[PDB]
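Residue numbers (PDB author numbering), protein chains in the order written: chain K, 2 to 28, 58 to 87, 91 to 115; chain L, 287 to 368; chain A, 1256 to 1641. We treat Cβ as the ideally placed atom computed from N, Cα and C, and that holds for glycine. Here the structure comes first, spelled out in structure tokens, and everything after it is commentary.
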Amino acid sequence: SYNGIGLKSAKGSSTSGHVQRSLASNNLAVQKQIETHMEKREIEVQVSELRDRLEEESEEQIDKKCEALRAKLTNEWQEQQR
Amino acid sequence: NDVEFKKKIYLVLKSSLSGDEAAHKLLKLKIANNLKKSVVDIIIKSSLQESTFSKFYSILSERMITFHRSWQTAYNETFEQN
Amino acid sequence: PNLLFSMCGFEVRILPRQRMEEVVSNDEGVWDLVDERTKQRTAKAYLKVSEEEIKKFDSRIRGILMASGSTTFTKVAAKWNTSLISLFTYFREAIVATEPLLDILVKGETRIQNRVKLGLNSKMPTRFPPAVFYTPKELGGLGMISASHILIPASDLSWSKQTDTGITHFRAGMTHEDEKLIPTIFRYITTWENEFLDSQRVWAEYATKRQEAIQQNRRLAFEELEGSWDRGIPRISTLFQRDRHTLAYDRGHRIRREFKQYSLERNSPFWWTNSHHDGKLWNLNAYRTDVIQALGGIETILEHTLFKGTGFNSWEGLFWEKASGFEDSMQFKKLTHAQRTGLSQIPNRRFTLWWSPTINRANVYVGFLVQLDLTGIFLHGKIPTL
RNA sequence: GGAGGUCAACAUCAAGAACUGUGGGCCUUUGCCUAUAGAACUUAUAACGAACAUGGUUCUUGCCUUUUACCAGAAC
RNA sequence: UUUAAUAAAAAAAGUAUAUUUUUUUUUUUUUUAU
Ligand SMILES: [Mg+2]
Ligand SMILES: [Mg+2]
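Now the structure itself:
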């Protein structure tokens, strides 16, 4: 197969144009930022769980209960950080 | 049988102006496994006959060694025999 | 990374080894350059033939065939031999990587052989084996030196313009029906890098040997410089030149030899060497030995020739100091223009007689057999010399 | 009347996917639109020939002493 | 681990001239008688 190689024709070349393969040619502060964000996120996950359990089965009572849960868990994490 | 074989190897080796071309012709001959040491011996003995070293007889030996394990074991035998 | 240029006829590309990112081994064409302080290879200088030198060679082979009309086949073979020896001898290294020069060499040999064939009025391949053209001139053939029976690298023109791929596919150079191997001239000529490296250590050894001979006054030994009598780049044999004491005064001779092109019609191919000052820089005696082993020997040459019908006892009596006789007498006479070109077909009749079994053979491609008048010879087609 | 012919003449065979005839209307016959009757043979991995030669002119090359005779691609 | 294969002859009229790559140098230490 003419695979890009070879003469275009053997007419003006004075050869046969016989082409053949060559057998000789084979051959930190930012870490603390994400860990702080992970802890504050877990605390906020707790109060979103509270909102899901409350609203699943009183808007102001659920919002104030979530705010008091954020207050209690924020004080608890201020105590658990020291 | 030995002399006519040396003549065939020498005439292959003694046309073919590139090392890749002589390596193509000799790997196209597909000499049997027993006579590979004889072929390597004829190549080295012909390399001695000129007035200096040339990179022809190095290139053809490299293209022999990177073809198959048998040619490399022929050269590892021929270094000890030399 | 590449710094490149083009000196006398050479196109050179110097590339330092710290800019390669893989060090591979190379063929003849690459000179590897020496730091000379630490004696460590620090570059490679890749060689190739300039294009105007390729065109000069092509034009020279054109000028042979135009200038030589009625011109005694042996003389055409001799002119081809000189025009190829000068080429291969000047840029030795850089023939190898030059693709269009290999192509033009193939076309040049087939033009010279086609000249002999059209002289015989037959371009048929089977009448003309390599025995006709490539036997030496003492066995009867034309005596021409081959450089075309190699394989040309041919690999992927679209990527060869961009990458320098390598030699992945070979393609056929110049063949015949019977597969004789024919040696090329390039194996028999020593490349320039090797001969320069040899010349350094040879003239260094001569420096130490001469400077130790002038110590204890041994005053010389020609016996000592015998294997080193033909090394060296000024050729050690020219130190003991026949007349050196009058060649001590010839200064400015390379330029004097080069400027003979502007004041001489018949040029010279060897404008670069001067044998008195520089030696014999090349020798082609072993080529004529290896071609006779390439064609198979004197038996397989002489079964083509008409030697069997002569009845000499031995082939060794083919060799004599043969005097030309008639045409030697006739070339000096007062002789017409038309009558002088007739003299040059006297050697061609002898050449056509000697290879007449092979020319008038029977395994022909097309040809209507005719018979001579008062004999019984059937000659296939029509050759007028035979 | 029927079958047949290595018999003849005359039409016809390559094109908006392509034919002819007729009636009615519009333009002023040609042509356009509308309604109708028939279409053998050849054709879509396109052509009568499940086959396949040569000649001319102009370009582009190849053999290279010039013309025939040629090398091998293109257009008409 | 595998695959590419050009050519191929008849008739008529011609043609200037030189062209070349091929083999060691010869260099000898000795003067009869005191
Ligand atoms: Mg005339
Ligand atoms: Mg004329």
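Rounded straight-line distance, which links the Cα of residue j to that of residue i
i: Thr1591 of chain A; j: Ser1323 of chain A; result: 19 Å
i: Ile329 of chain L; j: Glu366 of chain L; result: 16 Å
i: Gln21 of chain K; j: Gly5 of chain K; result: 13 Å
i: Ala1298 of chain A; j: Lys300 of chain L; result: 30 Å
i: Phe1425 of chain A; j: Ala1593 of chain A; result: 49 Å
i: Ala1468 of chain A; j: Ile1444 of chain A; result: 34 Å
i: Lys9 of chain K; j: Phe1346 of chain A; result: 30 Å
i: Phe1451 of chain A; j: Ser324 of chain L; result: 33 Å
i: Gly1552 of chain A; j: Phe291 of chain L; result: 15 Å
i: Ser1483 of chain A; j: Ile1491 of chain A; result: 7 Å
i: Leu1375 of chain A; j: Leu346 of chain L; result: 42 Å
i: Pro1256 of chain A; j: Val1267 of chain A; result: 14 Å
i: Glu1354 of chain A; j: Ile1309 of chain A; result: 11 Å
i: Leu1629 of chain A; j: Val1387 of chain A; result: 29 Å
i: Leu1394 of chain A; j: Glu1432 of chain A; result: 22 Å
i: residue 1234 of chain A; j: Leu1573 of chain A; result: As shown, chain A starts at 1256 and ends at 1641. That puts residue 1234 of chain A outside it, with no answer to give.
i: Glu1448 of chain A; j: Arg1296 of chain A; result: 14 Å
i: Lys311 of chain L; j: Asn320 of chain L; result: 19 Å
i: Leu1373 of chain A; j: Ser1584 of chain A; result: 29 Å
i: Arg349 of chain L; j: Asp288 of chain L; result: 24 Å
i: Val1279 of chain A; j: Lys341 of chain L; result: 13 Å
i: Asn1522 of chain A; j: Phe1567 of chain A; result: 43 Å
i: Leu1502 of chain A; j: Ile1510 of chain A; result: 16 Å
i: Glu1460 of chain A; j: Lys1535 of chain A; result: 21 Å
i: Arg83 of chain K; j: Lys98 of chain K; result: 12 Å
i: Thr1596 of chain A; j: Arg1370 of chain A; result: 17 Å
Beta-carbon spacing of residue i, residue j below 8 Å
i: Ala1332 of chain A; j: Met1399 of chain A; result: yes
i: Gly7 of chain K; j: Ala1427 of chain A; result: no
i: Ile1601 of chain A; j: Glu1582 of chain A; result: yes
i: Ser1338 of chain A; j: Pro1524 of chain A; result: yes
i: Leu1302 of chain A; j: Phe1265 of chain A; result: yes
i: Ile1405 of chain A; j: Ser1454 of chain A; result: no
i: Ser14 of chain K; j: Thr1423 of chain A; result: no
i: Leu303 of chain L; j: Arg1465 of chain A; result: no
i: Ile1437 of chain A; j: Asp1358 of chain A; result: no
i: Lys1435 of chain A; j: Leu1550 of chain A; result: yes
i: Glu1348 of chain A; j: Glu1283 of chain A; result: yes
i: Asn1615 of chain A; j: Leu1598 of chain A; result: no
i: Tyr1389 of chain A; j: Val1619 of chain A; result: no
i: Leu1342 of chain A; j: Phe1312 of chain A; result: yes
i: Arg81 of chain K; j: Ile95 of chain K; result: yes
i: residue 118 of chain K; j: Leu315 of chain L; result: Nothing can be reported for residue 118 of chain K: it is not among the residues displayed for chain K, which extend from 2 to 115.
i: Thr1344 of chain A; j: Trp1537 of chain A; result: yes
i: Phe1495 of chain A; j: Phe1477 of chain A; result: yes
i: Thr1613 of chain A; j: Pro1385 of chain A; result: no
i: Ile1350 of chain A; j: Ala1300 of chain A; result: no
i: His1532 of chain A; j: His1508 of chain A; result: yes
Buried versus exposed, by CB contacts within 10 Å (16 or more), residue i
i: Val1285 of chain A; result: buried
i: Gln1368 of chain A; result: buried
i: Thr1565 of chain A; result: exposed
i: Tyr1542 of chain A; result: buried
i: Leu1475 of chain A; result: exposed
i: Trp1610 of chain A; result: buried
i: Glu307 of chain L; result: buried
i: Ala11 of chain K; result: exposed
i: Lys331 of chain L; result: exposed
i: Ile64 of chain K; result: exposed
i: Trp1335 of chain A; result: buried
i: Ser91 of chain K; result: exposed
i: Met1262 of chain A; result: exposed
i: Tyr296 of chain L; result: buried
i: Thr1607 of chain A; result: buried
i: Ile1632 of chain A; result: exposed
i: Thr1560 of chain A; result: buried
i: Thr1439 of chain A; result: buried
i: residue 1659 of chain A; result: Outside the displayed range of chain A (1256 to 1641) lies residue 1659 of chain A, so it cannot be described from this structure.
Practice item. Let me know the alpha helix (DSSP H) ranges lying completely inside the segment 1546-1607 of chain A, each 4 residues or longer, listed in chain order. Key: 1553-1557, 1562-1565, 1581-1585, 1592-1595
**Study point:** Start-end ranges of the alpha helix (DSSP H) lying completely within the segment 1338-1406 of chain A, minimum 4 residues
**Key:** 1354-1374, 1385-1389
Check your understanding: Along the chain, which unbroken stretches of the beta strand (DSSP E) at least 3 residues long are found entirely within the segment 1395-1459 of chain A?
Key -> 1424-1426
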